[PDB]
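Please read the structure below before turning to the comments.
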Amino acid sequence: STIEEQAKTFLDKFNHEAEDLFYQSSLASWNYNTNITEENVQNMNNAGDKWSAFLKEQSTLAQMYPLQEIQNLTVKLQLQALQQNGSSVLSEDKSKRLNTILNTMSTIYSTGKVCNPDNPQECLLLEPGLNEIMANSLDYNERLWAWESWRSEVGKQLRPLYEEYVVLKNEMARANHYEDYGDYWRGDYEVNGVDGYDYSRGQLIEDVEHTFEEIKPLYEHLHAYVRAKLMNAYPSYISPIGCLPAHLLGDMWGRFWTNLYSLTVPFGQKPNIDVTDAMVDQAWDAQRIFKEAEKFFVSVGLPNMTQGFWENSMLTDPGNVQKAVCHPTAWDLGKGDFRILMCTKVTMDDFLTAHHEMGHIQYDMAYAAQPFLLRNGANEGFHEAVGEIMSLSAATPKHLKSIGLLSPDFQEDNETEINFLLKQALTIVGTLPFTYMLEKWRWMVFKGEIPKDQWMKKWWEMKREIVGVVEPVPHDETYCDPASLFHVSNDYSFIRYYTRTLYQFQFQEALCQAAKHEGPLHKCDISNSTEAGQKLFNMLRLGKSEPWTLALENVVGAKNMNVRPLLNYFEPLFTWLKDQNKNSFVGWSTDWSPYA
Amino acid sequence: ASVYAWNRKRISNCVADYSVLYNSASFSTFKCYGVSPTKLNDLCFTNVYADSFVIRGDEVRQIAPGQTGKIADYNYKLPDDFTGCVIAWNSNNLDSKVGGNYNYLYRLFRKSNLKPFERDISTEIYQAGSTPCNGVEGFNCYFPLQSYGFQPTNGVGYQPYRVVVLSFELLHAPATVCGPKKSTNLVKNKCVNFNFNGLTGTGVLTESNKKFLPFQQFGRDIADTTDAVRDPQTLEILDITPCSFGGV
Amino acid sequence: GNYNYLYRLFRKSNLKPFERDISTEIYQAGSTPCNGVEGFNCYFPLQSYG
Ligand SMILES: *[C@@H]1O[C@H](CO)[C@@H](O[C@@H]2O[C@H](CO)[C@@H](O)[C@H](O)[C@H]2NC(C)=O)[C@H](O)[C@H]1NC(C)=O
Ligand SMILES: *[C@@H]1O[C@H](CO)[C@@H](O)[C@H](O)[C@H]1NC(C)=O
Ligand SMILES: *[C@@H]1O[C@H](CO)[C@@H](O)[C@H](O)[C@H]1NC(C)=O
Ligand SMILES: *[C@@H]1O[C@H](CO)[C@@H](O)[C@H](O)[C@H]1NC(C)=O
Ligand SMILES: *[C@@H]1O[C@H](CO)[C@@H](O)[C@H](O)[C@H]1NC(C)=O
Ligand SMILES: *[C@@H]1O[C@H](CO)[C@@H](O)[C@H](O)[C@H]1NC(C)=O
Ligand SMILES: *[C@@H]1O[C@H](CO)[C@@H](O)[C@H](O)[C@H]1NC(C)=O
């Protein structure tokens with residue numbers, strides 16, 4: 001006759017019903033990404049519609065349970081996630097603009113076009129067409145043409161569509177008793193119902209802003225060094241007194257600077273650590289890629305992979321007619337079914353991606369004993385950061401020399417480690433200010449305290465401050481260039497990448513201290529340490545059943561979001577950068593001084 | 001049959017070979033509780049009632065004496081100090097089908113805990129709250145019966161493991177059925193010990209001209225001295241005589 | 001639990017009384033031998049009372 005015993009009855013009924021329907025939808029989605037046919041698109045839409053309609057019925061039934069008397073926290077977190085109304089608050093005339101708009105955007109984004117107007121020779125898709133012209137060529141004129149080949153042909157038809165999207169989805173939050181739609185995404189970090197352990201939604205903004213004043217002095221010296229090793233290819237085209245152009249920072253958006261390593265190598269005289277030519281002489285197969293990965297995990301202490309993965313997944317590119325996309329994604333089909341979806345290649349990146357995507361699988365089965373609603377990460381940043389700490393360890397020269405891929409006599413001087421470490425600095429430190437600023441821009445358009453005529457004047461004023469680019473020609477309000485990026489268009493929370501770095505290095509220092517490694521963090525290793533397994537495994541089994549703020553106290557002992565154990569990784573790089581920048585003007589404001 | 005409709009058939013008046021199961025090299029949870037595999041061979045126990053049901057792989061360990069959980073509490077409760085063994089083996093290649101095998105159901109919700117050795121087959125629906133349910137689905141009816149989904153690609157834990165349970169107990173009923181005792185080779189004309197079906201002794205074998213009726217087992221001649229046996233294995237007569245002995 | 005007094009749980013054979021049985025050997029019930037690695041049939045006899 002109590003509500004507490006009635007909720008446990010409903011969640012026991014929902015757990016068995018949902019895991020049967022979720023497996024059917026996940027299996028249909030798995031077959032779409034391996035065997036593309038005309039009927040398979042309809043097969044995926046059939047299962048996905050009945051899964052979304054199943055949550056509509058369960059959300060209405062859980063609404064009548066009052067939340068003011070459930071002292072248990074395991075079922076309180078389950079009822080908070082299940083009672084999210086979502087689209088049920090909206091009317092029938094308003095719910096039909098969701099499935100229509102979201103499917104038109106995905107099909108429009110899948111159309112690859114780089115054919116120049118009035119000269120229709122040919123143009124390929126994104127993977128064969130766009131990546132070779134951005135990663136290999138060193139011509140200023142055509143890359144400037146390529147910037148207007150995408151920002152003037154796809155984003156022009158989004159200006160009446162995206163502005164209608166951001167004024168009515170924000171109103172749903174007040175109908176769901178939230179503050180704004182930006183506050184809705186902060187509910188994953190929200191903890192309530194525990195006295196003295198509560199984490200406010202607004203505390204994440206204060207803690208994130210306090211940690212940004214030590215990222216900046218590391219990034220000032222990184223940008224100053226890279227502008228001197230970039231002017232070799234462009235002698236009279238960029239001045240070494242200001243900032244860098246936007247279309248020369250590796251990607252279209254400048255998120256990853258991986259393509260600048262060849263241009264800005266510190267010491268290219270000695271040969272790099274490359275064994276790609278060595279494995280093809282001895283015929284290394286893809287069976288061997290997963291066999292050494294399996295014995296790596298069982299030596300640490302983690303359980304090995306199940307028998308329902310090797311005979312079920314695909315490894316090479318099969319057949320000739322199967323044109324299915326193999327974008328790197330992690331699959332959690334449920335009911336003990338775990339798969340890896342990738343196209344294998346004998347390259348540097350695919351071998352590391354093979355290590356990166358397996359770590360999410362080992363995290364997924366860890367909370368397999370948890371109920372279905374709690375069968376997830378502690379937040380959106382845990383499940384991504386766990387899969388990247390093993391990528392840092394596998395790329396170390398000590399681990400490469402441990403297996404025997406590298407030569408037994410390979411000296412480790414100063415320059416053999418700074419070249420490797422600066423590649424990691426360009427892909428980790430350089431993406432932190434870009435990730436936080438874009439989500440900060442998304443926060444103001446979602447809060448609604450930005451008028452129609454003030455979209456561009458706030459977006460452009462941080463590009464002048466952070467990136468440092470003066471507009472070569474004035475541009476009006478008809479452009480809709482901020483909505484062109486892949487994550488913002490496909491409804492992905494981008495704050496999970498800012499918190500990914502601060503989590504993947506808090507755990508790295510904690511496990512290295514557990515293994516009692518004598519040396520710096522770049523040479524540290526995780527393998528051959530059963531002491532490190534208990535540190536990871538105690539926090540993996542929690543899932544969403546415990547608050548994420550208790551997971552920090554389980555590893556570092558500090559309840560807040562610490563930024564100190566990130567500068568200690570780059571102390572060897574920062575002290576060299578301080579000596580290299582003895583005479584250069586480090587730290588730019590907005591600067592029209594030299595060429596006013 | 002399913003766990004909620006487990007059958008109970010009596011095994012008696014027959015011979016059971018427990019040695020073949022030991023060397024099957026196919027079982028996964030061949031465990032014996034309260035009894036050793038060796039001690040059940042020489043001596044047996046009557047009341048060999050067998051229970052058959054389907055148990056999910058991850059919850060196989062729940063079915064054991066003194067072990068509580070979900071299946072052991074509402075579907076099949078074992079009595080304390082259960083003198084028996086549990087044998088389980090995989091059935092992935094036959095007890096599964098594409099699209100989900102929605103044929104195995106189980107009882108998830110019960111108002112009261114199940115007492116040992118009681119089968120509850122009923123269509124009554126659960127009562128989570130206080131409002132009665134008159135057969136119309138509502139917010140607190142929660143139809144108990146649920147169907148498992150056994151796809152061929154499911155994980156090891158969710159695979160339906162084929163498990164059976166054997167119960168050994170002693171009631172006042174006499175005349176139990178026991179496991180067979182290995183035989184030996186034959187020896188002729190030697191003062192050798194023997195243990196026939198009921199009687200044992202020592203002596204030498206010799207031919208005899210007389211014949212006995214076919215419905216006897218042994219016999220005695222004078223003063224309760226056993227002097228005749230006939231093994232039914234070969235349907236040939238061998239007669240026993242005491243071997244030489246005396247005082248030196 | 002006073003986990004300081006232990007005892008022998010199984011032994012393969014019966015020994016002569018008034019004889020000390022001080023050994024860390026593991027029981028062998030199944031046909032698969034155990035070589036110091038605990039398994040499904042090693043049955044480490046030693047246990048501590050609570
Ligand atoms: C981590 O443990 C493994 C397993 O012992 C070590 O691999 C051994 O390395 C030595 C010397 O390199 C070889 O002689 C052995 O043959 C290796 N073992 C096997 C099974 O091949 C590995 O070296 C250890 N890691 C480090 C950094 O020492
Ligand atoms: C794979 O796709 C082809 C056509 O693209 C189709 O003929 C074939 O039946 C598919 N096979 C499977 C196993 O889906
Ligand atoms: C609520 O019940 C769960 C069930 O296991 C238990 O783990 C949890 O500690 C309980 N909460 C409180 C506050 O007692
Ligand atoms: C969800 O919808 C129901 C029915 O319209 C309503 O009673 C409830 O208050 C809503 N809850 C939220 C959080 O919007
Ligand atoms: C996986 O681990 C289990 C338990 O350690 C072990 O029994 C099994 O042999 C392992 N699998 C392989 C392929 O080695
Ligand atoms: C690295 O630099 C320091 C400082 O100049 C120098 O003393 C040291 O010898 C260098 N390392 C090697 C291997 O020469
Ligand atoms: C049982 O007796 C019969 C006699 O007809 C014999 O043929 C058979 O071999 C005997 N059983 C065994 C196992 O030898």
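Starting from 1 in every chain, residues are counted up; chains themselves are A, B, ... following the order of the structure tokens, and ligands are numbered from 1 as listed.
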**Request:** Compute the chain B side of the contact with chain A at 9 Å, counting only C-alpha atoms, and hand it back as an NGL selection string.
**Result:** :B and (99-100 or 108-109 or 128-130 or 139-140 or 142-144 or 146-149 or 153-158)
Check every protein, DNA and RNA residue against ligand 1, keep those with an atom at most 7 Å away (counting only C-alpha atoms and all ligand atoms), and present them as a JSON list (two decimals) with N, CA and C atoms, in the first residue's frame.
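So out_3.json came out as:
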```json
[["chain", "number", "residue", "atom", "x", "y", "z"],
["A", 398, "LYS", "N", 57.34, 3.26, -24.95],
["A", 398, "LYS", "CA", 57.63, 2.11, -24.09],
["A", 398, "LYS", "C", 56.75, 0.93, -24.44],
["A", 399, "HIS", "N", 55.47, 1.17, -24.73],
["A", 399, "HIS", "CA", 54.58, 0.08, -25.10],
["A", 399, "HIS", "C", 54.90, -0.45, -26.49],
["A", 402, "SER", "N", 57.74, -2.65, -26.05],
["A", 402, "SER", "CA", 57.42, -3.80, -25.20],
["A", 402, "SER", "C", 57.00, -5.01, -26.03],
["A", 527, "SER", "N", 49.70, -1.50, -18.22],
["A", 527, "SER", "CA", 49.73, -2.95, -18.26],
["A", 527, "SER", "C", 50.63, -3.52, -17.16],
["A", 528, "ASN", "N", 50.46, -4.82, -16.89],
["A", 528, "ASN", "CA", 51.21, -5.50, -15.84],
["A", 528, "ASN", "C", 51.00, -4.83, -14.48]]
```
**Message:** So that I can check the secondary structure, give me every residue of range 187-345 of chain A assigned alpha helix (DSSP H) by backbone DSSP, as a ChimeraX atom specification.
**Reply:** /A:203-226,276-281,287-300
Would you mind listing, for every residue of chain C within 9 Å of chain B, the two atoms forming the shortest contact and the distance between them in Å to one decimal, using only C-alpha atoms, sorted by chain and ascending residue number, as a tab-separated table?
```
residue	atom	partner	partner_atom	distance
C:29	CA	B:37	CA	8.5
C:30	CA	B:22	CA	8.6
C:31	CA	B:23	CA	8.6
```
Give me, as a tab-separated table (two decimals) with N, CA, C and O atoms, in the first residue's frame, all polymer residues having an atom no more than 7 Å from residue 26 in chain C, counting only C-alpha atoms and skipping those fewer than 3 positions away in the same chain.
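Result written to out20.tsv:
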```tsv
chain	number	residue	atom	x	y	z
C	42	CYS	N	38.92	-28.05	-7.78
C	42	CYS	CA	40.12	-28.11	-6.95
C	42	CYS	C	39.77	-28.26	-5.48
C	42	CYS	O	40.38	-29.07	-4.77
C	43	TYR	N	38.78	-27.50	-4.99
C	43	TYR	CA	38.24	-27.66	-3.64
C	43	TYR	C	39.34	-27.49	-2.58
C	43	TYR	O	39.71	-28.42	-1.87
C	44	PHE	N	39.84	-26.26	-2.50
C	44	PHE	CA	40.83	-25.91	-1.49
C	44	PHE	C	40.27	-26.18	-0.09
C	44	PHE	O	39.38	-25.43	0.36
C	45	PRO	N	40.74	-27.22	0.63
C	45	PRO	CA	40.08	-27.59	1.90
C	45	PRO	C	40.08	-26.51	2.97
C	45	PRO	O	39.10	-26.37	3.71
```
**Request:** Could you give me, as a ChimeraX atom specification, every polymer residue with an atom at most 10 Å away from an atom of ligand 3, counting only C-alpha atoms and all ligand atoms?
**Result:** /A:4,8,70-76,194,545
**Proximity to residue 255 in chain A - best of A:343, A:426, A:514, A:577, only C-alpha atoms** =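 For residue 255 in chain A, the nearest of the candidates is A:426.
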**Request:** Please check which protein, DNA or RNA residues sit within 9 Å of ligand 2, counting only C-alpha atoms and all ligand atoms, and write them as a list in words.
**Result:** residues 31, 32, 34, 35, 36, 37, 38, 40, 321, 322, 323 and 324 of chain A
**Request:** Please write out the residues within 12 Å of ligand 7 as a list in words, counting only C-alpha atoms and all ligand atoms.
**Result:**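 For ligand 7, the residues inside 12 Å are residues 180, 181, 182, 183, 184, 185, 231, 232, 233, 234, 235 and 236 of chain B.
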Keeping only N, CA and C atoms, write those residues as a tab-separated table (two decimals), in the first residue's frame.
```tsv
chain	number	residue	atom	x	y	z
B	180	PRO	N	24.26	-49.42	-11.39
B	180	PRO	CA	24.85	-50.74	-11.65
B	180	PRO	C	26.28	-50.87	-11.11
B	181	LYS	N	26.65	-52.07	-10.67
B	181	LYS	CA	28.03	-52.30	-10.15
B	181	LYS	C	28.86	-53.02	-11.22
B	182	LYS	N	29.99	-52.43	-11.62
B	182	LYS	CA	30.86	-53.03	-12.62
B	182	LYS	C	31.12	-54.50	-12.31
B	183	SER	N	31.24	-55.30	-13.36
B	183	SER	CA	31.52	-56.72	-13.24
B	183	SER	C	33.02	-56.96	-13.32
B	184	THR	N	33.41	-58.23	-13.39
B	184	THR	CA	34.81	-58.63	-13.47
B	184	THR	C	34.91	-59.77	-14.48
B	185	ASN	N	36.08	-60.40	-14.54
B	185	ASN	CA	36.30	-61.54	-15.41
B	185	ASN	C	36.08	-62.84	-14.65
B	231	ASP	N	24.75	-67.56	-11.98
B	231	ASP	CA	24.70	-66.20	-12.51
B	231	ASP	C	23.82	-66.16	-13.75
B	232	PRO	N	22.96	-65.15	-13.92
B	232	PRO	CA	22.13	-65.08	-15.12
B	232	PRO	C	22.81	-64.42	-16.31
B	233	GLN	N	24.06	-63.98	-16.17
B	233	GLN	CA	24.72	-63.26	-17.25
B	233	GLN	C	24.92	-64.15	-18.47
B	234	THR	N	25.32	-65.40	-18.26
B	234	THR	CA	25.67	-66.31	-19.35
B	234	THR	C	24.71	-67.48	-19.51
B	235	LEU	N	23.81	-67.71	-18.55
B	235	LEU	CA	22.90	-68.85	-18.58
B	235	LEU	C	23.67	-70.16	-18.65
B	236	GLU	N	24.74	-70.26	-17.86
B	236	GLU	CA	25.51	-71.48	-17.70
B	236	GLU	C	25.70	-71.74	-16.22
```
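Inside chain C, the residues DSSP reads as strand (DSSP E or B) when given the backbone are residues 6, 7, 47 and 48 of chain C.
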Limited to N, CA and C atoms, could you put the picked residues into a file as a PDB file, in the first residue's frame?
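The file below, part-v6.pdb, is the result:
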```
ATOM      1  N   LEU C   6      41.733 -22.511  11.674  1.00  0.00           N
ATOM      2  CA  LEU C   6      41.341 -23.172  10.438  1.00  0.00           C
ATOM      3  C   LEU C   6      41.185 -24.669  10.684  1.00  0.00           C
ATOM      4  N   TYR C   7      40.755 -25.380   9.644  1.00  0.00           N
ATOM      5  CA  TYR C   7      40.499 -26.807   9.755  1.00  0.00           C
ATOM      6  C   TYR C   7      40.551 -27.431   8.369  1.00  0.00           C
ATOM      7  N   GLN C  47      39.700 -23.573   5.457  1.00  0.00           N
ATOM      8  CA  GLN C  47      38.693 -22.547   5.680  1.00  0.00           C
ATOM      9  C   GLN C  47      38.753 -22.101   7.134  1.00  0.00           C
ATOM     10  N   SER C  48      38.369 -20.848   7.372  1.00  0.00           N
ATOM     11  CA  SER C  48      38.432 -20.232   8.691  1.00  0.00           C
ATOM     12  C   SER C  48      37.024 -20.056   9.246  1.00  0.00           C
TER      13      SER C  48
END
```
**Prompt:** Counting only C-alpha atoms, what is within 12 Å of residue 60 in chain B, bar same-chain residues fewer than 6 positions away, as a list in words?
**Reply:**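 Contacts, in chain order: residues 28, 29, 30, 31, 53, 54, 67, 68, 69, 70, 71, 72, 86, 87, 88, 89, 90, 156, 157, 158, 159, 160, 161, 162, 163, 164 and 165 of chain B.
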**Asked** In Å, with one decimal, what is the gap from CA of residue 196 in chain A to CA of residue 553 in chain A?
**Response**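 Result for CA of residue 196 in chain A versus CA of residue 553 in chain A: 14.1 Å, one decimal.
Taking CA of residue 15 in chain B and CA of residue 51 in chain B as the two end points, the separation is 18.3 Å.
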**Item:** Residues within 10 Å of ligand 5, counting only C-alpha atoms and all ligand atoms, as a list in words
**Value:**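 Checked against 10 Å with only C-alpha atoms and all ligand atoms; the hits are residues 291, 294, 295, 298, 301, 302, 303, 304, 305, 306 and 307 of chain A; 39 of chain C.
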Restricting the output to C-alpha atoms, write the selected residues as a PDB file, in the first residue's frame.
```
ATOM      1  CA  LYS A 291      44.325 -11.186 -30.561  1.00  0.00           C
ATOM      2  CA  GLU A 294      42.421  -9.343 -25.994  1.00  0.00           C
ATOM      3  CA  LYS A 295      45.519 -10.474 -24.077  1.00  0.00           C
ATOM      4  CA  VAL A 298      43.279  -9.851 -19.337  1.00  0.00           C
ATOM      5  CA  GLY A 301      42.637  -7.642 -14.931  1.00  0.00           C
ATOM      6  CA  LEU A 302      39.651  -6.688 -17.072  1.00  0.00           C
ATOM      7  CA  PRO A 303      37.487  -9.555 -18.388  1.00  0.00           C
ATOM      8  CA  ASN A 304      38.138 -10.743 -21.922  1.00  0.00           C
ATOM      9  CA  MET A 305      35.743 -10.466 -24.851  1.00  0.00           C
ATOM     10  CA  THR A 306      32.837 -12.898 -25.235  1.00  0.00           C
ATOM     11  CA  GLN A 307      32.472 -15.678 -27.821  1.00  0.00           C
TER      12      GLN A 307
ATOM     13  CA  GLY C  39      39.133 -24.312 -10.671  1.00  0.00           C
TER      14      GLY C  39
END
```
**Request:** Write out as a PyMOL selection string each polymer residue whose atoms come within 12 Å of residue 25 in chain C, counting only C-alpha atoms; drop sequence neighbours fewer than 2 positions from it.
**Result:** chain C and resi 8-12+21-23+27-28+34-38+42-46
Would you save the residues of that selection, restricted to N, CA, C and O atoms, as a JSON list (two decimals), in the first residue's frame?
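Result went into part.json, see below:
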```json
[["chain", "number", "residue", "atom", "x", "y", "z"],
["C", 8, "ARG", "N", 40.69, -28.76, 8.35],
["C", 8, "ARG", "CA", 40.70, -29.52, 7.10],
["C", 8, "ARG", "C", 39.28, -29.91, 6.74],
["C", 8, "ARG", "O", 38.54, -30.44, 7.58],
["C", 9, "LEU", "N", 38.89, -29.66, 5.49],
["C", 9, "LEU", "CA", 37.52, -29.86, 5.05],
["C", 9, "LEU", "C", 37.34, -31.23, 4.40],
["C", 9, "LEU", "O", 36.54, -32.05, 4.87],
["C", 10, "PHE", "N", 38.08, -31.50, 3.33],
["C", 10, "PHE", "CA", 38.10, -32.80, 2.66],
["C", 10, "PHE", "C", 39.49, -33.42, 2.75],
["C", 10, "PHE", "O", 40.50, -32.72, 2.85],
["C", 11, "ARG", "N", 39.52, -34.75, 2.72],
["C", 11, "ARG", "CA", 40.75, -35.49, 2.52],
["C", 11, "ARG", "C", 40.44, -36.75, 1.74],
["C", 11, "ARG", "O", 39.40, -37.39, 1.95],
["C", 12, "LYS", "N", 41.34, -37.10, 0.81],
["C", 12, "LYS", "CA", 41.08, -38.21, -0.09],
["C", 12, "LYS", "C", 41.01, -39.54, 0.66],
["C", 12, "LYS", "O", 40.14, -40.38, 0.37],
["C", 21, "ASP", "N", 48.05, -34.09, 10.13],
["C", 21, "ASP", "CA", 47.89, -33.92, 8.69],
["C", 21, "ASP", "C", 48.10, -32.44, 8.38],
["C", 21, "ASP", "O", 47.15, -31.66, 8.30],
["C", 22, "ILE", "N", 49.36, -32.06, 8.21],
["C", 22, "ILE", "CA", 49.73, -30.68, 7.92],
["C", 22, "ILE", "C", 50.20, -30.61, 6.48],
["C", 22, "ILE", "O", 51.38, -30.86, 6.18],
["C", 23, "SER", "N", 49.29, -30.28, 5.57],
["C", 23, "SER", "CA", 49.61, -30.19, 4.16],
["C", 23, "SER", "C", 48.64, -29.24, 3.48],
["C", 23, "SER", "O", 47.47, -29.14, 3.89],
["C", 27, "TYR", "N", 42.02, -31.05, -2.80],
["C", 27, "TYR", "CA", 41.24, -32.25, -3.08],
["C", 27, "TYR", "C", 41.12, -32.48, -4.58],
["C", 27, "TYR", "O", 41.17, -31.54, -5.38],
["C", 28, "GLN", "N", 40.98, -33.75, -4.95],
["C", 28, "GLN", "CA", 40.86, -34.16, -6.35],
["C", 28, "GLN", "C", 39.62, -35.06, -6.47],
["C", 28, "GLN", "O", 39.71, -36.28, -6.29],
["C", 34, "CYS", "N", 44.09, -30.61, -10.87],
["C", 34, "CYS", "CA", 44.40, -29.22, -10.54],
["C", 34, "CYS", "C", 45.89, -29.12, -10.25],
["C", 34, "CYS", "O", 46.44, -29.92, -9.50],
["C", 35, "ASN", "N", 46.54, -28.12, -10.86],
["C", 35, "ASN", "CA", 47.98, -27.93, -10.77],
["C", 35, "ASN", "C", 48.31, -26.63, -10.05],
["C", 35, "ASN", "O", 49.18, -25.87, -10.47],
["C", 36, "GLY", "N", 47.62, -26.37, -8.94],
["C", 36, "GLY", "CA", 47.83, -25.18, -8.16],
["C", 36, "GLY", "C", 46.95, -24.00, -8.55],
["C", 36, "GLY", "O", 46.95, -22.99, -7.83],
["C", 37, "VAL", "N", 46.21, -24.10, -9.65],
["C", 37, "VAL", "CA", 45.30, -23.06, -10.09],
["C", 37, "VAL", "C", 43.89, -23.48, -9.69],
["C", 37, "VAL", "O", 43.41, -24.54, -10.11],
["C", 38, "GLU", "N", 43.23, -22.66, -8.88],
["C", 38, "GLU", "CA", 41.89, -22.98, -8.43],
["C", 38, "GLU", "C", 40.93, -23.06, -9.61],
["C", 38, "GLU", "O", 40.94, -22.21, -10.50],
["C", 42, "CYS", "N", 38.92, -28.05, -7.78],
["C", 42, "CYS", "CA", 40.12, -28.11, -6.95],
["C", 42, "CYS", "C", 39.77, -28.26, -5.48],
["C", 42, "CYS", "O", 40.38, -29.07, -4.77],
["C", 43, "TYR", "N", 38.78, -27.50, -4.99],
["C", 43, "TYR", "CA", 38.24, -27.66, -3.64],
["C", 43, "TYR", "C", 39.34, -27.49, -2.58],
["C", 43, "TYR", "O", 39.71, -28.42, -1.87],
["C", 44, "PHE", "N", 39.84, -26.26, -2.50],
["C", 44, "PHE", "CA", 40.83, -25.91, -1.49],
["C", 44, "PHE", "C", 40.27, -26.18, -0.09],
["C", 44, "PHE", "O", 39.38, -25.43, 0.36],
["C", 45, "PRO", "N", 40.74, -27.22, 0.63],
["C", 45, "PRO", "CA", 40.08, -27.59, 1.90],
["C", 45, "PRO", "C", 40.08, -26.51, 2.97],
["C", 45, "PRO", "O", 39.10, -26.37, 3.71],
["C", 46, "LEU", "N", 41.16, -25.74, 3.08],
["C", 46, "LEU", "CA", 41.35, -24.86, 4.22],
["C", 46, "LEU", "C", 40.26, -23.79, 4.27],
["C", 46, "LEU", "O", 39.94, -23.18, 3.25]]
```
